[PDB]
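Counting starts at 1 for both ligands and their atoms, following the listed order. Here, residue 1 is the first one in the sequence, and each next residue gets the next number. Keep in mind that the numbers below use all heavy atoms, side chains included, and drop hydrogens, waters and symmetry copies.
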Amino acid sequence: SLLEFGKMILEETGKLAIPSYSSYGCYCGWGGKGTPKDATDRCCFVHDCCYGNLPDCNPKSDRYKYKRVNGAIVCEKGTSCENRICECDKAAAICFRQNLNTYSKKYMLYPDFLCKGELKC
Ligand SMILES: CC(C)NC[C@@H](O)COc1ccc(CC(N)=O)cc1
């Protein structure tokens with residue numbers, strides 16, 4: 001759920017999900033339309049797509065358990081949905097960490113009309 005995802009993000013990047021990754025670019029937060037603005041925005045695009053592969057799961061509210069094995073994020077056994085949701089979140093958290101260097105404040109609160117383009121999962 002958002003609770004685990006938010007904790008994962010903070011632990012990985014030192015940034016709080018809200019407001020750092022909740023209104024960034026075209027896909028971090030709202031999701032919607034267009035072409036991803038940068039690497040961080042692409043991480044959210046892929047994350048949206050990952051959730052998109054789980055039509056009968058409820059990623060925002062279904063809680064999962066995860067632990068740290070000397071740095072590495074390890075998803076613990078739960079229901080199949082919980083396992084898959086955790087893998088999606090884990091990938092996003094790592095992706096955010098991998099692209100922290102290019103994270104740009106100019107993409108925060110990015111306006112909707114500037115999100116144009118075509119990009120299928
Ligand atoms: C706690 C606050 C007030 N509530 C807003 C809450 O809905 C969190 O906002 C969100 C919801 C969903 C997303 C996209 C994602 N992380 O997959 C990013 C940010």
Looking at [X], which atoms of ligand 1 are within less than 4.0 Å of one of its heavy atoms?
X: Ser22; answer: 19 (C)
X: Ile18; answer: 2 (C), 8 (C)
X: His47; answer: 17 (O)

Students should be able to answer this: which protein heavy-atom is nearest to [atom], and at what distance?
atom: atom 15 (C) of ligand 1; answer: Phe5 CE2, 3.9 Å
atom: atom 18 (C) of ligand 1; answer: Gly29 CA, 3.8 Å
atom: atom 7 (O) of ligand 1; answer: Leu2 CD2, 4.2 Å

Next on the checklist: I'd like to check atom 10 (C) of ligand 1 in this structure: does the protein have a heavy atom lying under 4.0 Å from it?
Outcome noted: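 Under 4.0 Å from atom 10 (C) of ligand 1, zero protein heavy atoms found.
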Item to check | Geometric cation-pi criterion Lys90 and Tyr66, 6.0 Å radius, 45° cone | outcome: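 The answer is no, since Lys90 fails at least one limit relative to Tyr66.
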Item to check | Where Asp38 and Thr102 come nearest, the two heavy atoms and their spacing | outcome: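 In this case the closest contact between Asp38 and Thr102 is OD2-O, 3.8 Å.
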Next on the checklist: Ring-plane angle category for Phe45 and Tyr27, please: parallel below 30°, perpendicular beyond 60°, tilted otherwise.
Outcome noted: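 Perpendicular.
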Checklist entry - Considering only the SG atoms, does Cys81 lie under 2.5 Å from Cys57? => result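 The answer is yes, since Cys57 and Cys81 bring their SG atoms under 2.5 Å apart.
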Next on the checklist: Using the side-chain contact (heavy atoms from CB on, under 4.5 Å) criterion, which residues pair with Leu109? Sequence neighbours excluded.
Outcome noted: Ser23
Checklist entry - So is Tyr51 close enough to ligand 1, meaning a heavy atom under 4.0 angstrom away? => result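 Right, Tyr51 reaches ligand 1.
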Item to check | Shared-cluster residues of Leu16, by chain and number - hydrophobic side chains joined below 4.5 Å | outcome: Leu10
